[PDB]
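Chains as they are written, first to last, in PDB author numbering: chain A, 37 to 584; chain B, 37 to 584; chain C, 436 to 535; chain D, 37 to 136; chain E, 187 to 286; chain F, 336 to 385; chain G, 287 to 335. Data first, discussion second: the structure below is written as structure tokens.
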Ligand SMILES: [Ca+2]
Ligand SMILES: [Ca+2]
Ligand SMILES: [Ca+2]
Ligand SMILES: [Ca+2]
Ligand SMILES: [Ca+2]
């Protein structure tokens, strides 16, 4: 069955409006995937050790040592917003929907092709491509999620974002266990710290093979493969942001004195002595009821140690932070509430005609005011007693450990039973969409990498690979490296991701932040005279929501 | 029945999504109307003659002479976009709908109040307001459209645009017939032209009375009045604009030479001698097939005389133009394709805290490229024969009538059996919504004032008036002026205007013009520290549409 | 800590973890709030510090009251002024029923 | 309809005992509310800035700057224990109930 | 929540009360750097204003149907049902030192 | 049972500084507190509410 | 997804390492560090912690 197609290209996003303001978004994405023969046919256990870098005192954070199993299989990952929606669709969703529901996912492989390269070793010399009709492409869909979960978006290795531009999958590899020690130090530290990779703990070894745990399918041109329809189990993702802070929760103080003339100088006045006011407070000493002192239900947001690194059996790792805005606009603390920074290129944004190999990037800065501005933090001695005396105040300025560039905010953590928090907002187009939950007894309240964490079950991973096209000479009983015909494959991938949205309703007199084409962004949405493209990142939760 | 309310306030806009991308927009608008006793109780036939102005040679266009019947009735007009939608709703409609259908209209008057002013003529002296419970408000709804149609939007006299700000109706008046002569002249004209108002032609007299042709209703506090539901008969209004011109219709010439390197200098080249090309043309002489010479199906747009005034029995009037863009952006000809200019204030936009009495205004400039740029026009002698010789070219520069500031474009008119044209686009918020068709045997292809022209039938006009609150002294047999108690009324008006929209679909790779809040417009959508408001005009058909 | 005399580790300290057992805020008579609307964040807080009852999926809506504009015979929309209106005030009885 | 009342005053707390030691507390609260005309009829967007206080080094905690929308509406809030129970009821609940 | 600022209805059945003028937070960017009495220079105390992408002007008239009541009229809410966890009226005294 | 959290900690974000909330009860003798440490609430009111 | 190794070992030996083959400031990927352009195994983004 060579002369018949086995599939259809479809990259349309359908918006189906239902009853009561609910829409059913059907994002169709098709892509032509190009796939090469594995450079090797065996699994390799490789160690990566860049001690040359960590050898330099004060370079701990640049540690890359790990051990990974290198498989002869490739992963077809489509878990990233850019694969399903273009700037247009996205603007539609973000400007009018109030919440998003991830419903189901299904993919299929069709119109498979396998060619053989022949070196017409004459003159230049030449190269001749031919069809190997009876050759097969191997396909394995790990439904049971036996294999380790490895999101390609984490390393900008998902399918590309352009319907009219071929793409490729990524060689699949996964972490193996290993013990590693690396002691912190600074430029002036003495002696040689302790930078040792101890190896692997036998009680943590887990060598996985696809061949042994997932049925594999062989497809020839005539064949096709389709996944079933997987249904997610995730909480809805909101498309609105909160702006309220503790300072803006509840009943404002009653102004006894109101401005009588226009002018951004004419303020209103509470009109009551800060120690002669009524209200509630959690400060049993003073009688000062102040906007920064009065009681509030709980606490929106929280403080966590910044540029903290922790260490365990495998080595050091940065301490993650779940947090939004908190601070002026061109007045951040990227570190404090962890604004994510995305590095990618060409195939996932970055102008296409770009040269060199320096990735493009951006630091996403959410609209939700749930972050913190450390410099504003301070601490006072129980006696209160203002103006506070230097001996009774710890400030983001006073040093810690005699260190000049470290202070309590750095060590600080105000997470507790009163912490109100929100989930990570979606990041177009470089963000991951869904993520598999940790199989720990107690799970995390959220994941920092994706807004959708399928709990009870997630779509399995799809592995692809060109099956061994051997030559007439092959001897198992001789390490050699099995000479095999240079074969490559081309197939089309088609996926269908279904969402369920809820149309928003206005509730204020005033208009609202809406995504829109300007005379400034204009050319970020259209190709140029050479056909170069790029996909600029966009914000998602533009639109306020009352928090309390 | 004085202690019971007879109505409900509702100013919500409901968007109900149906099957197949059709939405049903229900715009609810409520308003508190304040109404005063008529200054007179009789109809007056008044003549307006500003000959003092037209006396000055060269001031013909400033002619205001007319005759009108002044009625003791007031008109409650709500026919203007600003009454039904706020910036928010409007942004929603304009950014996502592709077409609009005007479905039905219904209004109602409730919670009527009538008070009596008493001058406590003591010291300052004082004023005392009292309720005249048994007094009546007169209401007349001209269902049959017996009365002359008089759109208040034409003179910025519709109900106000703010739900939380009381409004008032306009004294109703209508044109009476009259013969008037005014001969054109210029500063240097000699003698005294001819500026004569001849009066009225008995065969054109039509004195209308509401009392004689429309049943009138008397409402006391306990009463209420509601219109039925009127259903319109109008063509759908489109919310997209065309950009194609004759120069961009059909198959472009095939470029034999394409640019080989980036750069807005590297052009492509047709590659064929303009007199050696194949194609069709309407120029039987030359063999020049040129982008400006090749044939096109018909003609988008048309040329019409600009700053033309015509005259008939009543006097002079400007010749109307139905036309869009046509020309660069900051490169118009406001006159040529008649861009409308709206003058209004306070109650219908204009910052509320504004002083003085100079109206606010703007000239609406549509996105549809259906206008003309005269300077580009020219005319050639039949022989063609280029480069064209001055003696065979009439240019927008050569004079006409020996006049230096007049040329053929000024006199020009290229309307014909091949003219393709579009209807007037909606103008928020100062634009009129629907308009009653002319009862002429042959009707106009469009109206320049509103996008919706109810043909077979339109909602009738609503007239309101305080009924005569007489005093104990009244003598019919004595002209006097009937002394009557100073009475005024307050009532609530509620209307419901139902539209039917169609959701748009993207069909291009590129994004699209969308309405949106900027750091520049921001404060045009929110009140200030004094509570001042204003409603900035917006465009409607932002979004391209293929014309051919 | 930080060479500061009035600051020490307890001040910076945080021992919250996967083994923390905790209770909710206790009711405070008579000045305490009774119920509170939950934060609409993806991940919510284990408790609210202000009330012992946090209605999650839904809470009673807020009740807003206001005297409607009692205008005088003189009112002109087209003039910022400040709309002179009759001095009016209102008195009404409120009755609520809270079932535990 | 001016000469007819439209409601009843009730500020009784009813304790209804059921089967298996469960009681159903019905707290009734009635109140006469007095309400004045708004000082203004428009919404105002006002900024509050007490820099004069935060200007003084070491006074960070006394920061009050914020922006609020001032509405011509009033809120009728009853969410606070004191509105529903008196010392007596409260003593009853607190001394004998184990959960609410 | 008005309880946050002691602005709920009053606590005495036999004493008239009043509601509170409703107001709500608007978005704004503000910087204030910590300092102590002996800090040098002038820290950084700046109110940058509002971020357009966080603006949300709410109006009651535009989002909630309003009712007009005259003496003859009355208004009643429906019965709202809460969804909250039970609140306990007992306290724990055990500490880690007294477990087991 | 219970946990330790930074006391008289202020954090900052887009809007400005705010005190870090604490969810905690007793812990310590009677006339032997640390009002700050486990955040005992303080209520200010008057006339109409006490 | 581990970084793609442009340079792989060609002979056995626990010394023969593979090499990413791209300048740490010339790589593509995502990061939560809005300042630098350094995408590093200890710097690149991860879902959570
Ligand atoms: Ca930040
Ligand atoms: Ca023009
Ligand atoms: Ca144009
Ligand atoms: Ca903000
Ligand atoms: Ca304590």
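C-beta atoms are modelled at their ideal positions from N, C-alpha and C, and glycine is treated no differently.
Worksheet item: What are the start and end residues of each continuous beta strand (DSSP E) run of 3 or more residues lying completely inside the segment 163-233 of chain B, in chain order?
Response: 164-167, 173-178, 206-212 and 215-218
Discussion item. Classify residue 220 (chain E): buried if its beta carbon has 16 or more other beta carbons within 10 angstroms, exposed otherwise.
Written reply: buried
Practice prompt. Report the rounded CA-to-CA distance for residue 315 (chain B) versus residue 197 (chain A), giving the unit in angstroms.
Written response: 41 angstroms
Worksheet item: With respect to the beta strand (DSSP E) encompassing residue 351 (chain B), which residues constitute its N-terminal and C-terminal limits?
Response: 351-354
Fill in: Coarse secondary structure for residue 416 (chain A), derived from DSSP in three states
strand
Practice prompt. Could you check what DSSP says for residue 282 (chain B) in three-state terms: helix, strand or coil?
Written response: helix
Discussion item. Tell me the DSSP secondary structure of residue 119 (chain D) in three-state form.
Written reply: helix
Worksheet item: Any idea if residue 395 (chain A) is buried or exposed, counting beta-carbon neighbours within 10 angstroms, 16 or more meaning buried?
Response: buried
Worksheet item: Can you name the start and end residues of the beta strand (DSSP E) that residue 133 (chain B) belongs to?
Response: 133-154
Fill in: Cβ-Cβ distance between residue 338 (chain F) and residue 337 (chain A) below 9 angstroms
no
Discussion item. For the segment 194-207 of chain E, list every residue whose C-beta sits within 9 angstroms of some C-beta in chain A, in sequence order.
Written reply: 194, 206 and 207
Worksheet item: DSSP puts residue 497 (chain B) in a beta bridge; with which residues?
Response: B:178
Discussion item. Quick check on the DSSP output: what are the complete beta strand (DSSP E) runs of length 3 or more inside the segment 380-418 of chain A, in order along the chain?
Written reply: 396-399
Discussion item. Please classify residue 477 (chain A) as buried or exposed, where buried requires at least 16 other C-beta atoms within 10 Å of its C-beta.
Written reply: exposed
Worksheet item: Grouping DSSP H, G and I as helix and E and B as strand, with all else coil, what is residue 128 (chain B)?
Response: helix
Practice prompt. Starting from residue 439 (chain C), trace the alpha helix (DSSP H) both ways and give me its first and last residue.
Written response: Element bounds for residue 439 (chain C): n/a, residue is neither H nor E.
Discussion item. Judging by CA-CA distance, which residue of D:75, D:101, D:125 and D:111 is the nearest neighbour of residue 327 (chain A)?
Written reply: D:101
Worksheet item: Can you find a C-beta in chain D that's less than 9 angstroms from the C-beta of residue 341 (chain F)?
Response: no
Practice prompt. Quick one: grab the DSSP three-state call for residue 328 (chain G).
Written response: coil
Item to complete: Examine ligand 7 and report whether any of its heavy atoms sits within less than 8 angstroms of the Cβ of residue 349 (chain F).
Response: Because ligand 7 does not appear in the structure shown, any question about it cannot be addressed here, the ligands present being ligand 1, ligand 2, ligand 3, ligand 4 and ligand 5.
Discussion item. Ligand 5 and residue 321 (chain A): does the residue's C-beta get closer than 8 angstroms to at least one heavy atom of that ligand?
Written reply: no
Practice prompt. Kindly list the residues whose CB is nearer than 6 angstroms to the CB of residue 48 (chain B), restricted to its own chain and excluding five residues on each side of it in sequence; keep chain order.
Written response: 64
Item to complete: Per DSSP, which residues does residue 62 (chain A) bridge with? Please list them.
Response: A:50 and A:534
Item to complete: Let me know the secondary structure DSSP gives residue 158 (chain B) once reduced to three states.
Response: coil
Discussion item. Taking the beta carbon of residue 268 (chain B) as the centre, do at least 16 other beta carbons fall within 10 Å, making it buried, or is it exposed?
Written reply: buried
Discussion item. Quick check on DSSP: helix, strand or coil for residue 86 (chain D)?
Written reply: coil
Discussion item. Contact defined as beta carbons within less than 8 angstroms: I believe residue 273 (chain B) pairs with residue 489 (chain B). What is the distance between those atoms, to the nearest angstrom?
Written reply: 10 angstroms between Cβ atoms; not a contact.
Worksheet item: Where do the N-terminal and C-terminal ends of the beta strand (DSSP E) with residue 297 (chain B) fall, by residue?
Response: Here residue 297 (chain B) belongs to no beta strand (DSSP E), and DSSP marks it neither H nor E.
Discussion item. Does the segment 172-179 of chain B come into contact with the segment 238-252 of chain B, if we say contact requires no fewer than three beta-carbon pairs (one atom in each stretch) closer than 8 angstroms?
Written reply: yes
Discussion item. Tell me which residue opens and which closes the beta strand (DSSP E) that residue 348 (chain B) is part of.
Written reply: 345-348
Worksheet item: Taking C-beta to C-beta, are residue 515 (chain C) and residue 391 (chain B) nearer than 9 angstroms?
Response: yes
Worksheet item: Hey, residue 407 (chain A) and residue 218 (chain E) are a contact pair by Cβ (cut 8 angstroms); roughly how many whole angstroms apart?
Response: Not really, about 15 angstroms apart at Cβ, beyond 8 angstroms.
Worksheet item: alpha helix (DSSP H) containing residue 246 (chain B): first to last residue?
Response: 246-249
Item to complete: State yes or no: is the C-beta of residue 369 (chain F) nearer than 8 angstroms to some heavy atom of ligand 5?
Response: yes
Worksheet item: For residue 474 (chain A), does the three-state DSSP call read helix, strand or coil?
Response: coil
Worksheet item: Where does residue 91 (chain B) sit, in a helix, a strand or coil, going by DSSP?
Response: coil
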